[PDB]
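If you read the protein sequences in the order shown, they are chains R and L.
Under the numbering used here, the first residue of the first sequence carries the number 3, and numbering increases by one thereafter.
Under the numbering used here, the first residue of the second sequence carries the number 58, and numbering increases by one thereafter.
Structure, as structure tokens:
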Amino acid sequence: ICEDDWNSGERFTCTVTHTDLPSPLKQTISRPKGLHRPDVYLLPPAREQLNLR
Amino acid sequence: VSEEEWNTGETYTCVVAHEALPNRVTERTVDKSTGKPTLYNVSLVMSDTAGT
Ligand SMILES: *[C@@H]1O[C@H](CO)[C@@H](O)[C@H](O)[C@H]1NC(C)=O
Numbered sequence: 003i004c005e006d007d008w009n010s011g012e013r014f015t016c017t018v019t020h021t022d023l024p025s026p027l028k029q030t031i032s033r034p035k036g037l038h039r040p041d042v043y044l045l046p047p048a049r050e051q052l053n054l055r
Numbered sequence: 058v059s060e061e062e063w064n065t066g067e068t069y070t071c072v073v074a075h076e077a078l079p080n081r082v083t084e085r086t087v088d089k090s091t092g093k094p095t096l097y098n099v100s101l102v103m104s105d106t107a108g109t
């Protein structure tokens, strides 16, 4: 499916009809809303790591 | 001492015994590179300045 349809959050259903049980199985999958910007820190290795070698 | 002995000088020691010494014996050592040396040949290396 296209991306903006998933970002919009429309409900999607899968129809499961297996042989022994004629009753279909229905489920709902949607993307919840709620956005904080991550802060990335890249820690250098400790000087003891440079000591061990 | 002979001059060739001072060249590539060996350790010459002055050992004196007296009542007033702490261990009753003291020692002083001189050679070419200690007593009034012409040059101070030293090699100074530092490694792992970062430390731990
Ligand atoms: C002076 O020191 C350097 C480096 O340690 C050494 O290569 C050289 O042989 C030394 N010379 C004398 C006369 O001790």
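By construction, the Cβ of each residue, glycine as well, lies at the ideal position given by its N, Cα and C atoms.
- When DSSP states are grouped into helix, strand and coil, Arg49(R) belongs to the helix group.
- Inclusion of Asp105(L) and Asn53(R) in the CB contact set at 8 Å is warranted, their separation being smaller than that value.
- Distances from the CB of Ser100(L) to the heavy atoms of ligand 1 include at least one below 7 Å.
- Taking 8 Å as the threshold, the shortest C-beta distance from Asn53(R) to chain L falls below it.
- When Cβ-Cβ separations below 8 Å define contact, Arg49(R) makes contact with chain L.
- Per DSSP, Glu76(L) is not a residue of any beta strand (DSSP E), being assigned neither H nor E.
- Interface criterion met: the Cβ of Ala107(L) is under 8 Å from a Cβ in chain R.
- Out of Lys89(L), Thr91(L), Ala74(L), the CA that lies nearest to the CA of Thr83(L) is found in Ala74(L).
- Short of 7 Å from the beta carbon of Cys16(R), and not among the five residues preceding or following it, lie these beta carbons of its own chain, in chain order: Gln29.
- Taken atom to atom, the span from the alpha-carbon of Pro46(R) to that of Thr109(L) is near 15 Å.
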